[PDB]
Amino acid sequence: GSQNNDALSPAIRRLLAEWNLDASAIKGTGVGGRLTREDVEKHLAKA
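Residue numbering for the sequence shown follows the entry's author numbering, starting at 124 and increasing by one per position.
Given below as structure tokens:
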């Protein structure tokens, strides 16, 4: 269904857990639909 490919990497997944962030609410550009450390940091400052 929806489970197959994650929109984040290992570093973003860990960060997401500790930082409790939502990838869906964060813009990125890794492989068509993924947010990187630069996208999270940028988003981290946005809100």
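We put the beta carbon where it would ideally sit given N, CA and C, even for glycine.
Reduced DSSP secondary structure (H/G/I, E/B, other) of residue i
i	result
residue 147	helix
residue 138	helix
residue 129	coil
residue 158	coil
Reference residue i; option with closest CA among the options
i	options	result
residue 159	133, 140, 143 and 142	133
residue 128	170, 153 and 169	153
residue 147	135, 165 and 130	130
Rounded distance between the beta-carbons of residue j and residue i, thought under 8 Å
i	j	result
residue 162	residue 155	The Cβ separation is near 13 Å, so there is no contact.
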